[PDB]
Structures are given as structure tokens and as C-alpha cells.
Amino acid sequence: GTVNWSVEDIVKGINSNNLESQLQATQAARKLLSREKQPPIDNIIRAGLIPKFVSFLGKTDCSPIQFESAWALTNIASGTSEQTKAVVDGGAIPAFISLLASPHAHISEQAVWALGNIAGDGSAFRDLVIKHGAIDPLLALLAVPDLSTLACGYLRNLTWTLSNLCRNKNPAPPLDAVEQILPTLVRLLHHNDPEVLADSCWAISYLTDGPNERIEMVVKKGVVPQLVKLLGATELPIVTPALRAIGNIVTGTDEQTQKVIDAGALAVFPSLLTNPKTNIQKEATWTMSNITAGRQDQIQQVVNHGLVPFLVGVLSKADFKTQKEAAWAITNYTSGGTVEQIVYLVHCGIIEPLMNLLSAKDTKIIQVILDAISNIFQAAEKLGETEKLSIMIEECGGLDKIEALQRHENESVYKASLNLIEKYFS
Amino acid sequence: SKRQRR
Amino acid sequence: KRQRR
């Protein structure tokens, strides 16, 4: 019936001035644009059909052609930036926002979907969707006493479109738009559907990726305990954005970091730092590196939770980018820690795996490690035990590599190298 | 970031 | 000090 029309036939039906003929041709376009392999988006655009689809969105007496054109335009907007731009250039944004009030749930859902693709293109179209007034009718669709009464796919699409309004930077979303959205986001973050939970976590992770004032807006809504709970979920698609959000938060102030610790996050890190998915291990070790960049009482919590042996483990064996985050975690720890905390680090076995990574070709991890070694020597100076540490570095092959590195391309590596040799390996 | 329907 | 993402 409407399966496998040519673009030419679709144009012929849409141009016919027969509403039923246009309905059939629009559904045929929708089916073309729904195929997985190379949907002919550019052919449909080039045929001039977008203005016709956009005007079909306004045909209140023919709800099927509203749906079919909404779906067709949704799938054009799912393409490249240029393809999304063609949809926007045709006036689709206010027409889709009007459709959010449709009494037909499947049509308002399709308009939700299309706006998420438009907003998802980037900051400018995101902000353009916001300027046309999308946030109020979107949030009104969720203004029910219990989210559980909404259809499952409908709630998932709303959550995802809201997360695209929270997404992207340069610039970040408008402050007042974020404040308007956050209470609904908090509510979606406590819903029981794993996809809603994943996309809510993604939205929170976007909002916390920025300056401390952005983080504070989120942290002040009291969501950190729920994020920490989600950090322990069995579903990787929930854990991943929950961990990104938690990691983003601990790039903030010491006080924002303390809320993550107060909520119990560190008890999850034995699992996260040994997680089979290397991206989780990396994100978790980066998070740890920013926590060890904190106050001594926060470093002490890392100690109390037994997490220093887990950092030794990741330093000893992990994919290289995780190992580099572990090196950063160690230099931050030795930079801000007490003498006792640094002594404890050595007793846990940090020295040998630290030395082994001096074989890495990455110039910055060598700098990070040399700094850590200098920081540890400075603690051993305060104890008169430099010699015991030099022997430790020498027995594990480390002095061989610190002596090699004084003939290194980067001048700051060469300098840090010879300084270590002069003062501690005379 | 973007989702094609069906 | 902290490292942003």
C-alpha cells in the first residue's frame, strides 16, 4: 500500500491537493524514512517536501497526517546537522511545540521525539527550542501525581528529550531553563524504569559538567544520595552516567565533594575500581584522582575505606588510560596528604608499580610520576628516612629509570630526573 | 544524541 | 588541584 514508494510518487501525492492522497503519500514517506539502511533523507529534502510536512502538522481535523508528517520530520531531524537544519528552517519548531498539546498521546509523543532530535543537534538549536517555549508544555506532560500512570515509551521519550535540553556546552543551557527543569529531573531520577533512570542520570551528568555554580544547582536539589544509590545499580547503562555525574561533582568545591563522600559513594569504589568495563575503571579512577585532590580529611576517608590498595592495583595493572588516572590520583594524594598518609601509601606498595610506569612513552605520565616521587621524598625528609626510600626505589629498578630519564626529550622531565638523582642518589 | 524512529 | 572533564 504505502510500502516502497519512489520519492517521485511521494511528491505526486503530496502535491495533489487531495488530503487523503497526501495522507497516503506522507505515510509512504514516513516508511521510507524509517528504514535502517540509508534512509533517503537528502532525496526527501531535495524534493522540497519539508514545508508540506510542516503544514500537515497543523491539520487538526486529520490527526493521521499530523502523526505521519511528525514521524517523517522526526526522522529527517535524526540525521546530520544540515538535515536537522532543513527541518528547523521549514518552521517545524513552533509547529511541534503546538503539537505537544494534542489530545492524541501518540502525536504529542512524536512531537516530543522530534524536539529532542532538534534540541539534540547542538547548543544553538537547543536554545532555539527553549526560546520558542518548549519547556513549559513538555513539563506539563509530566505534571501527574505518579509518573507510573504514564505509558512507558511515552515517559522514556520525554525523559530523553529533557536530557537533550540539558546537554551540550559553549554555551551550557540557560540557567533559568535548568532551574525550571531540575525538579522534574529529580522526580525522574527516582522513577523505577531503568531507561528513564539512565537518561535522567545522563541529564544530571550534563548539568554537572561545568563550573562550580552549575554543580551547586544540582547538588542543592539533594540528588547525590540517589546518584550514589544508582552508582550501585546492576545495569551498566545506569552506572555509567551515574558515575560520570558523581565524577563531575567531585571536580567542584571541597564542600560539594564532601557531599559525595557523606552519601556513601566511597563504599562502591572497590567494585568500580575492579569493574570489568574498562571505561568504568577509568572514570572511577579519575573520580578518585579528584577526591585525593581534596582535603586531608577527605584523603583520610579514602584511606579508611580501604581504597589505597585498590589504587595500587589499578596502577599495577589496568589499561593505560586508567593507569594514568591512577598516577594522577597518587600525585594528588602525595601533594595534599599528611606525612602519615604518605607513609601509609608506601606501605601499601605504591613504589614498585609507580616505578614500572616510568617505562611509559607518555611524557605527561612521566611528569606526574616524578612529581609523586618528589612528594614522597619530601615526606621522607621530614622523617629522616630518605635513604630507606632510595633503596626501595633502587631495588625495584626505579633508579635505573630515573637515571635514564635525565636523558629525555622534554626538559622538565630531564630536570626533575637529575634533581632526584642529585639529592637522593648521590 | 539523535534517535531515528523504527 | 582538581582536573575538570
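When we count neighbours, we look across all protein chains shown, and the Cβ atoms used for this are built from the backbone with ideal geometry, even at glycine. Every number here is computed from the coordinates shown, using simple stated rules; none is lab data.
Taking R0 as 56 Å, what FRET efficiency do you get between A:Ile391 and A:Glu213 from their Cβ-Cβ distance, rounded to the nearest 0.05? Display every interim value, and only then the final one.
Details: r = 49 Å, r/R0 = 0.88.
Efficiency computed from Cβ-Cβ geometry: 0.70.
Residue by residue through the stretch A:128-135, which ³J(HN,Hα) values in whole Hz follow from phi under the Karplus form 6.51 cos²θ - 1.76 cosθ + 1.60 (θ = phi - 60°), with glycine and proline marked x?
Going residue by residue, I get 5, 4, 5, 5, 6, x, 5, 5 Hz, with x marking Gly and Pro.
Using unit Cβ charges (K, R positive; D, E negative) and no other charged atoms, how large, in debye to the nearest 20, is the dipole of chain A about its Cα centre? Write out the running numbers ahead of the final one.
Values: 35 positive and 44 negative charges, 162 e Å.
With only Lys, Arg, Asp and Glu charged at Cβ, the dipole is about 780 debye.
Put a dot 7 Å past each Cα toward the Cβ at A:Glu340 and A:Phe425; how far apart are the dots in nm?
Once both label points are built, they end up 3.2 nm from each other.
Note down the net charge around A:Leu128, summing +1 for each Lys or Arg and -1 for each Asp or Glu among other residues with Cβ under 13 Å from its Cβ. Write down the numbers at each step before the final one.
Numbers: positive: A:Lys85, A:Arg126, A:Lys131; negative: A:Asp89, A:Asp121, A:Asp127.
My count for the surroundings of A:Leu128 gives 0.
I want to verify a result. In a Gaussian network model of chain A, Cα cutoff 10 Å, which of these has the top mean-square fluctuation: A:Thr60, A:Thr240, A:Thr159?
Highest fluctuation among the options: A:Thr60.
Between A:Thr278 and A:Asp362, what is the label-point separation in nm under the 7 Å Cα-to-beta-carbon projection?
With each label placed 7 Å out from Cα toward Cβ, I get 1.2 nm.
Between the helical axis of A:386-395 and the dominant principal axis of chain A, each derived from Cα atoms, what acute angle in degrees is found, rounded to the nearest 10?
It is inclined by approximately 70 degrees.
Can you tell me the relative contact order of chain A? Whole percent, Cα pairs under 8 Å, sequence separation 6 or more. Provide the component values of the computation, followed by the final result.
Numbers: 590 pairs, mean separation 29.7, N = 426.
Dividing the mean separation by the residue count of chain A yields 7 percent.
For the stretch A:168-207, how big is Rg over Rh, using alpha carbon atoms and the Kirkwood form of Rh?
On the way: Rg = 10.7 Å, Rh = 10.6 Å.
Value, to two decimals: 1.01.
For A:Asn17 and A:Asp89, what is the calculated FRET efficiency with R₀ set at 30 Å and r taken between the beta-carbons, to the nearest 0.05? Spell out each step's value before the answer.
On the way: r = 24 Å, r/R0 = 0.81.
E(calc), rounded to 0.05, equals 0.80.
What net charge is computed for the residues neighbouring A:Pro194, neighbours being all others with C-beta under 12 Å from the C-beta of A:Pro194, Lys and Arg scored +1, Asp and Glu -1?
Details: positive: A:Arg156; negative: A:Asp193, A:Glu195, A:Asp199, A:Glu235.
Surrounding charge for A:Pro194 is -3.
Just name one of A:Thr84, A:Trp71, A:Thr60: the one whose Cα is farthest towards the positive end of the charge dipole of chain A (beta-carbon charges, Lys/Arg +1, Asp/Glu -1).
Toward the positive end, the furthest listed residue is A:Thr60.
Do the sum for chain A: with -39,500 (n - 2.57) for every DSSP H run of n ≥ 4, divided by all residues, what is the mean residue ellipticity at 222 nm, to the nearest 500 deg cm²/dmol?
Values: 28 runs with 304 residues, N = 426.
That comes out to -21500 deg cm²/dmol.
Among A:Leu227, A:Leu185, A:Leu389, determine the one that fluctuates most according to a GNM of chain A built with springs between C-alpha atoms less than 10 Å apart.
Fluctuation is largest for A:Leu389.
Under the 0.36 nm per residue contour assumption, what length would be gained going from the current alpha-carbon distance of A:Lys169 and A:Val7 to full extension?
Numbers: separation 162, 0.36 × 162 = 58.32 nm, distance 3.77 nm.
Value of the extension gain: 54.5 nm.
Within a Cβ distance under 10 Å of A:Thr84, other residues only, what is the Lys/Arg minus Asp/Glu net charge? Present the calculation step by step, with values, prior to reporting the outcome.
Working: positive: A:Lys85, B:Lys2; negative: A:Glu82, A:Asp89, A:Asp121.
Charge balance in the 10 Å sphere: -1.
With +1 on each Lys and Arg Cβ and -1 on each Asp and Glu Cβ, and nothing else charged, work out how big the dipole of the stretch A:262-409 is about its Cα centre, in Debye to the nearest 20. Can you show the working numbers first?
On the way: 12 positive and 17 negative charges, 97 e Å.
So the dipole magnitude of the stretch A:262-409 works out to roughly 460 debye.
Looking at A:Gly116, A:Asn275, A:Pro39, which one has the Cα that reaches farthest to the positive end of the dipole of chain A (charges on Cβ: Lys, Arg +1; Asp, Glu -1)?
The one lying farthest along the dipole's positive direction is A:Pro39.
Expressed in nm to one decimal, what extension gain is obtained for the pair A:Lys382 and A:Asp176 from 0.36 nm per residue of sequence separation less their Cα-Cα distance? Walk me through the numbers before you get to the answer.
Values: separation 206, 0.36 × 206 = 74.16 nm, distance 5.17 nm.
Full extension of this stretch gives 69.0 nm more.
First measure r as the distance between the Cβ atoms of A:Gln296 and A:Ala140, then evaluate 1/(1 + (r/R0)^6) with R0 = 56 Å and state the FRET efficiency to the nearest 0.05. Kindly include the intermediate steps, with their values, before the conclusion.
Details: r = 49 Å, r/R0 = 0.87.
Step by step, r from the Cβ atoms, then E = 0.70.
Per 20 Å bin, what is the whole-percent P(r) computed from every C-alpha pair distance within the protein assembly as shown?
Per 20 Å bin, starting at zero, the Cα-Cα P(r) for the protein assembly as shown comes out as 24, 40, 25, 10, 1 percent.
Given the pairs A:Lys37/A:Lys131; A:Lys220/A:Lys317; A:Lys169/A:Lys221; A:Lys229/A:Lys361; A:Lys31/A:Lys277; A:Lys324/A:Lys388, which span a C-alpha to C-alpha distance of over 28 angstrom in this model?
A:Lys37/A:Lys131; A:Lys220/A:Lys317; A:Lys229/A:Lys361; A:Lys31/A:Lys277
Using a Gaussian network model on chain A with a 10 Å cutoff between Cα atoms, which of A:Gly133, A:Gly91, A:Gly384 fluctuates the most?
A:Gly384
So if I place +1 on the C-beta of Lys and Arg and -1 on the C-beta of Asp and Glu, and nothing else carries charge, what would the dipole magnitude of the stretch A:337-426 be about its Cα centre? I want it in debye, nearest 20. Each step should come with its number before you reach the end.
Working: 8 positive and 14 negative charges, 39 e Å.
Dipole size: approximately 180 debye.
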